[PDB]
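S.K.: Okay, handing you the structure first.
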Amino acid sequence: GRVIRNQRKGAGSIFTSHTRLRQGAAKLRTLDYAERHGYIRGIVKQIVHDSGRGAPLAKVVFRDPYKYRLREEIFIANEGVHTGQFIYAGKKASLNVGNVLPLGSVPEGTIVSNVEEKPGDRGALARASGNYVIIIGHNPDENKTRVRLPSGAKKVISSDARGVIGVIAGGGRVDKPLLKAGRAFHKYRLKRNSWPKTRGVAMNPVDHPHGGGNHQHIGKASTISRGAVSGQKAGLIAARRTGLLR
RNA sequence: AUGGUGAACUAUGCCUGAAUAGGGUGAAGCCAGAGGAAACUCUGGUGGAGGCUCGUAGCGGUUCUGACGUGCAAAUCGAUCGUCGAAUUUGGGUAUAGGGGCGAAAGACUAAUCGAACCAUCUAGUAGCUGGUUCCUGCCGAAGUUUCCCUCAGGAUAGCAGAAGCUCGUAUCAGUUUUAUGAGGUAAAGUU
RNA sequence: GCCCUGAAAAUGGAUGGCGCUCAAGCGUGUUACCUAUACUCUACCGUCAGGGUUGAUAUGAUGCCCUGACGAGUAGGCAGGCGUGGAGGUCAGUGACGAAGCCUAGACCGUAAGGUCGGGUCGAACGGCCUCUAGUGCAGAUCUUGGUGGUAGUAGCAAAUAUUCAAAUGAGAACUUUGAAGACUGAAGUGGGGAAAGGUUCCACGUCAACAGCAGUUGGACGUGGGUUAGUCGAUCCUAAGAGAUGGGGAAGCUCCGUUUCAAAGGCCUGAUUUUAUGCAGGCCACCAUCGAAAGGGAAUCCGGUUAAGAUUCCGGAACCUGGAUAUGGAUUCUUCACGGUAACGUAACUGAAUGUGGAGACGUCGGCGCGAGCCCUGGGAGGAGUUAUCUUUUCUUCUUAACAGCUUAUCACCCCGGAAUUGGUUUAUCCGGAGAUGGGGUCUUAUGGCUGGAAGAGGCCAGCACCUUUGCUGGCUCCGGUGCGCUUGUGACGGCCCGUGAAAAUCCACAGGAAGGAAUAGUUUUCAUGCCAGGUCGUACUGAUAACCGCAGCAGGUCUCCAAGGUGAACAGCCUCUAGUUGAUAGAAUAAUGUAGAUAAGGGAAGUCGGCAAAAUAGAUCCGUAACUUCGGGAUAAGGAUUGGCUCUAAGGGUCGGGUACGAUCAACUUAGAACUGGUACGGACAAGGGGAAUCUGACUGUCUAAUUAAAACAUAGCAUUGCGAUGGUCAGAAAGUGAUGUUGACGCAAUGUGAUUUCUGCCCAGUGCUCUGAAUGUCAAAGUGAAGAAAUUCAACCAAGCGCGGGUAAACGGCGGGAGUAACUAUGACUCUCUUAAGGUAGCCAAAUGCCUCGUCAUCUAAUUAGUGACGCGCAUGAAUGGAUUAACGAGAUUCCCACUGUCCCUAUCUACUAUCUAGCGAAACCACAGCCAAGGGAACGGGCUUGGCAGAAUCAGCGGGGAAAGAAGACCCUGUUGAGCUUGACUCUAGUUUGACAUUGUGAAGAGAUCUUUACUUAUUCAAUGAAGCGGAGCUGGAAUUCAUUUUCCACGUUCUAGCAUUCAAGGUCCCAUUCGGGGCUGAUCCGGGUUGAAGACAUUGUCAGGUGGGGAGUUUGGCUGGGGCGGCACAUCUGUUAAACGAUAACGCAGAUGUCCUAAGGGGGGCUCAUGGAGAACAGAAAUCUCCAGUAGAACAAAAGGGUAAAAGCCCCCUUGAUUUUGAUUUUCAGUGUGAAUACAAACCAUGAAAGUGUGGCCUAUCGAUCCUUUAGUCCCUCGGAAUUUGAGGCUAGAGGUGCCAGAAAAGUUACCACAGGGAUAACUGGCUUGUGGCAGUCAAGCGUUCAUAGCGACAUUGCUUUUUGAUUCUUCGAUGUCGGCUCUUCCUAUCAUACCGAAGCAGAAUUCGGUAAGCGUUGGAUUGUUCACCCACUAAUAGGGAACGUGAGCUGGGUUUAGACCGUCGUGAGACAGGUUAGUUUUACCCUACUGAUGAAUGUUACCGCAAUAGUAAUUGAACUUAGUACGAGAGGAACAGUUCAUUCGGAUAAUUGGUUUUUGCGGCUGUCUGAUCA
């Protein structure tokens, strides 16, 4: 047979990311003395649009502790920040939108975003627009914290893991019908070559497992085992249930 | 099967450039007037939006089932037609290479090659199948049948045939009758 | 007996032909005669057999002779010879006095292959014989290479409008050169330049062999030369998307990863030196190769002139940049590092290191608005040219101003003053103001414009003088203005759009900071001026295409880009012109057919056709007017109507401008509306330029795709929904990896799918298959470990993960949605109860729908007529719900139906225009070809050009033509075979990458808790992950203080920064103390101390390696029987048995017929004994049609395991009694047969046994069937053989005899599929024509049982029998698969008769009229349509009639392409799937004639020359049918009704002409009219 279309994204030739207009990797600040023993203040210089992403970025400019200069970094902008805002970062900072605190330093029921999985990864969870995690509880001994991931999963992380207060800007984005194949063309030119999607039904027995036949139909179950093997996997993969919800 | 060569055509993404008369329709936004309690609705303007529309260059390639069909042309020529501001058109740079690539999907495209490219070797690949097989004359001269075979377009085996002769030569034979003596159960007859 | 009738088939026509009649016919008899390769006799050749002959003194003993007989021959075999290239010998061979070779209707020998000689050409080598050896003999192979024919002086050299006269050159001119004309490209060019590419094509001179598909004096050719000049233009430099070293890391390795990565990765700024230069000095800065753009970024150049060919490069002049050196003037300095203005900021200058920050480089698109530049238009003036018959203050042309430099200028931005309601300012576009608007006054940038310098001395245009030359010289003028919705490009300020916000870097500058360095008897500054020196390397020519590039080429194709004049007009459309450029494409004469491209048609108006295909009609603008429907956006140019030229006028729309603190004037526009007049009613006058409407199927839309047969209803899309995934991850890659894509990512994300906008809904089903599980059990489970037995190998027994097993969920997962029953007031409908299927029974909806076989469904409507269309109906072969179901406005080069308008599609053709064809000069192929080219019939491979019999036939040809040459194109794509393949699918057979588990190793330290090992959990240092220019870890401290003190602190928290877009750097200021004060340096602290674990997470688990189970079409390799009246299904004729087919020994076939076999039996085997069966008759309680008992008769009518046939009576049967011969060793024989195997049997022998008194009998079944190799496993036997250095015990291997199985039965281990297909072949074999048969089909006789008022034959025929038919359907499989082009229609010719009409006849139960049946008869006719691809059919209307057929089911180098029948796509059923179809639907490349004949037309040599007038052999032959008036309301007739011969006037179909008239046509461009444009207008 042939090598199918999803097996063909691994070698990553024309499928790589379209990286040109991107302002940079949006991260939080390296974890250092000043931030874990106290706070350090920047100001947000301009909040700007990043290509390929859905949410704006902010550029806050800190002062390097050990050398005379400025250093400016790329934060995914929480909703409500504004240029000219002081952004405080560190253990002793205060609870306000945009300030990055450790999670142990905030009461339960606090709404933070761009939170870290492990301390010093410079952010992981809830970076898409409109997302947030809630802090639902603490474990002050063998220090952990109980947070609610934007999907609704409940994860338990370290209490030295930082996160920035508030909701990520760009909420409401998918409320608007996209309305034409052109606007979906301008969406994925800045992301990657995924589009448009030929139904595996509509291709030949070589192109796909769903291909062939004098009618268009799958012919065998569209749910595939998690223990399937490379290229067998197309369709709903290792689903526990299927079909419209009620 | 192995080891090599190709994105100058074409496929799709990226980088950086360039290219596109004139018309029709007249969306938000905005201005004056008219009505009325109101929310608002009605008239005249203003503006100039859209994968809107007619149509040139451009890109295509619907119909004639036209011309041509040892052509101008291994895909062209004429009339007609689709679209013509965006999922557009295109130059160069660039990335993806053969059981791979790329595909808005036709098994399409990948240098006139694509249901597995191109080039050399393994390779004088294998063929129970088609075609061919080169001078004379003399003596002899068949077979399409038995048995067995994944045997039925083929082989082994026996038969028919040629050649080499060998021991011998009055002689045992014979696609024949006669006498003698068995077996038969078809034709007629109606058990013989 | 003969003859006739019965007796009819298609090109013309065959006793073989002519022809034959007291035969040349038929039946028979006697004779004569003809002639085969056979017969007889003879000669000769060879073959075979039988014999004769060895004596010197010859030449053969493979020899000579004698005698006889015999002679076909493919595949095949053998014997004997001929020929070729080399080797050994010999002829002391031949030969320049001519070897070899070649040509030779010259000669000789040989049966032949071949040999010998003569003559001619020719020039250096070569033969005969006894032998050796081999790349040794050609007619084919769609054979290889090479050469050449016929075709043929033929096909053609026809797009892009087009040429002509003269002169010059020359040997030669349609083509070269100049002039003169005529045209064209028309500035989106046929111009003026470049990019890629070429490479010298550029230019000059010479030359014309070849090339330029004609010519050539010309050339992009040929020979010889010459030509490309740079500090500024490019490259070079920078980076983009990417490529790629180093360090490291994999890899047997070629090499791979990665690009700042686990790295000790480097050279600077000057202070310290005045032994000398650079030691030592503090500080720094961590970006850490390189490559990557002639279109992006970027230091700087312009004008004029110049060459045969180069120029932003050379010349002359005028500038500028960069790198470097220093000198002069100015400026500054005593207030050491300038002043002014309130401010915006100003200026000739006017210090500045490390370090840091900011700007530039630096960016999308569209829309209008403003301002510029060039172009366009245009008035006054100064010149030159063209027109002037007349008019024209006229028409055309020259009046130009570079880089650079200095000075002034403007939107936007900004400052000051003042402080706004009575809110004002304000843009085309409504934004602005107490966060300070309008107003008054200023700053600023300088794209841009303005004046001055460049710079008039240049350039241009005029005139005037000299003159082989060289040529100059000489004057003049080179000026002042207007306008815009104009066009092109630049720019600025605004606006729109995005789930799209639209590069990087080198490079340069500014600012912050304050390192340092320097005024006073004098010290700086190269960012002010001026001056000085150097500016390298490679590119530079020319085309950029209807001949310089690529397409084999001098190819109508392909190929990125700039500039862009006037008119018409909306216009960069079309048409026409100015500047520049060509005039190249073979030509000349004629005007046949058929063509190709372009026009027109009387009347009708799709009647043509699969179908309105194709053409026509419409068209621009202005005013009037617009429907259903709709998602309210549209539909809409809906549909439809009215005007439009010319001239002369009227009206409305703008500007600049002066008013002491209402009006006047002038300038300049293309816009609209109105009114009179005007004419052959013409006016978007040419050009350019929608046809429209009522519905249906289908996809929402824009968009995309099979380049070169499909543009679609297919793919895509938005929208909808589902699924995995929280990074120690989801999906994927890699051979590996210190490895990679999504990811510069984080659920509003990434990945995997299915549906397809909107509206409206998405029913029931979890049994199957699949996926999943917070679920549970004690089933199965490998490796390791474990326990036992053994001397050990080893055997076994338990235990075990994951996986399956179990149970749960799951349908917008794959998918399914039946059967059997009941039950509502005539029949009947059937809401419901009941239950059988390992699940549920098709819900809403929709339908003969693209899904409905039957089927041309039934009903209505459309139409004169409808297999079409639409509306309804629905037990729907086989509709139906994200397999998505219904409905839908707008859209569509999609499929279909109807209507209006229009038409040559048609009736029904005709005419016309250019280019061909045709003829001529030059040039000049190819396809194809066995040999060829006249027919009829026959036979024959079943359709001959040749053969046999006839007809016939006269040189040589020209243009047409499409009948034939089963014409050419291609070792049939269809079907089938081969032990040939490939693509794809699966639960096929055999494995595999990956993944999920267990064990051992990495792997150390030790605690808890359950189980007779496991679950927790600690340790850190291995191992793993993560971050950072490895900065603030761990421990103790001091200060407060939450704290609340039960002795005193028991303990944790703390411990410099939160109104604000300011600022944070130099060992740190301060504080203190040192050193030898000397300017400054070294300490401590400021800033607590100790350990140098860089900081977090994880941790003996992950990971890693090696084994092990499981999972694994994601992938690989392979297979997917045989015979067969094609193949498939079935069957077993595949191993067997009986009867028959079988024709009296045996043998004998078919998918012939009737059946059977894969078992059954310790007796049904073996021996022995006694007895008699089936059945009938006659008797006996219950007792019956039969129980049981008894006697007779009883040849087998019973039984004998089973199929059938044989066999059997004191038995072979029935019943008893005893027994295991159904045993052991092995050889011979028969049967099927090779006299092999297996199976079954026969007869003995050697033992040992059963039975019987005994003879005897028995080696399974009374007889004919009931069965199996090698290899492997196993058992018995002897207790034998071997384990090979010698022994013992296990183990293993042998010999002999059994079993376990191959049914495809002489014995592989094996699923589909192809409509994407492939190869080698097959007419050994299908579909398709033909051939034969005729079952049928369809047609014609014979007897007449019988219908008909009686009446068998007016008119029939049943029962049946006898025939014919090749337009039925079949059967066979003879020709064709190295191809006979397949349906139907259109077109056109011809033949048959089986007569539909017409002619003439016979008949009736015929009065007439009418009709009917037959007779001769094929002369002549036979139609227009609706529905359908339709043949067929059936309807409508006409007709005298609307008969049946043949000709390769006539006819595709004649058409068409509707149908079947590829590849694309949709549906229904079916299959797990790829895929399949008694199917429906849509889209789909139709090649060649010039050859030979034939046909149709056209010439023609020889008939002594030549002319005119004829004859007529043979051939062809044509007219047709109807109606009206009359006869006549007569005849016949009660009447109703109602004819005919003759005569006459017109008509239908056909045919031949012809053109007076009518019509069509029009290049008479004959005359007139009209448009745009050009010639200056009138005119032409």
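S.K.: Bins of 10 Å, beginning at zero and ending with the bin holding the largest distance: percent of Cα pairs per bin for the stretch A:16-157, please.
M.R.: P(r) over the stretch A:16-157, rounded to whole percents: 11, 41, 35, 12, 1.
S.K.: Another question about this same structure. Between A:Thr223 and A:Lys92, with labels modelled 7 Å along Cα→Cβ, what's the label distance in nm to one decimal, could you check?
M.R.: Distance between the two pseudo-spin positions: 5.7 nm.
S.K.: A further question on this structure: Normalised by the empirical 2.2 N^0.38 Å for globular proteins, what value does the Cα Rg of chain A take?
M.R.: For chain A, the normalised Cα radius of gyration is 1.27.
S.K.: Can you flag which of A:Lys27/A:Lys118; A:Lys27/A:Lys144; A:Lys91/A:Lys118; A:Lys27/A:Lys92; A:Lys67/A:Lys118 are past 24 Å Cα-Cα? Could the numbers behind the result be given before it?
M.R.: Numbers: A:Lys27/A:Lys118 14 Å; A:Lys27/A:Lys144 22 Å; A:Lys91/A:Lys118 16 Å; A:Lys27/A:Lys92 21 Å; A:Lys67/A:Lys118 28 Å.
In this structure, A:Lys67/A:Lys118 lie more than 24 Å apart at Cα.
S.K.: Follow-up question, since we're still on this one. PRE reach from A:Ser51 (point 7 Å along Cα→Cβ): which of the stretch A:72-96 fall under 12 Å by backbone N?
M.R.: Of the residues in the stretch A:72-96, none has backbone N under 12 Å from the label point off A:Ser51.
S.K.: Using a basic spin-label model with each label point 7 Å from the Cα along Cα→Cβ, how many nm lie between A:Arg41 and A:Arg148?
M.R.: Between A:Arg41 and A:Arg148, the simple spin-label model gives 3.4 nm.
S.K.: For the stretch A:132-246, what ratio Rg/Rh do Cα atoms give with a Kirkwood hydrodynamic radius? Walk me through the numbers before you get to the answer.
M.R.: Values: Rg = 21.4 Å, Rh = 19.4 Å.
My calculation of the ratio gives 1.11.
S.K.: Can you give the local net charge around A:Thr83? Use residues other than it whose beta-carbon is closer than 12 angstrom to its beta-carbon, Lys and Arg +1, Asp and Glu -1. Intermediate values should be presented prior to the final figure.
M.R.: On the way: positive: A:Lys45, A:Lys59; negative: none.
Result for the local shell: +2.
S.K.: Helix-only mean residue ellipticity at 222 nm, chain A, DSSP H runs n ≥ 4 weighted -39,500 (n - 2.57), per residue, nearest 500. What is it? Let's see the in-between values first.
M.R.: Working: 2 runs with 8 residues, N = 246.
That comes out to -500 deg cm²/dmol.
Every number in this text was worked out from the coordinates using simple rules, so none of it is lab data. All Cβ positions, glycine included, derive from the backbone under ideal geometry; neighbour counts span all protein chains shown.
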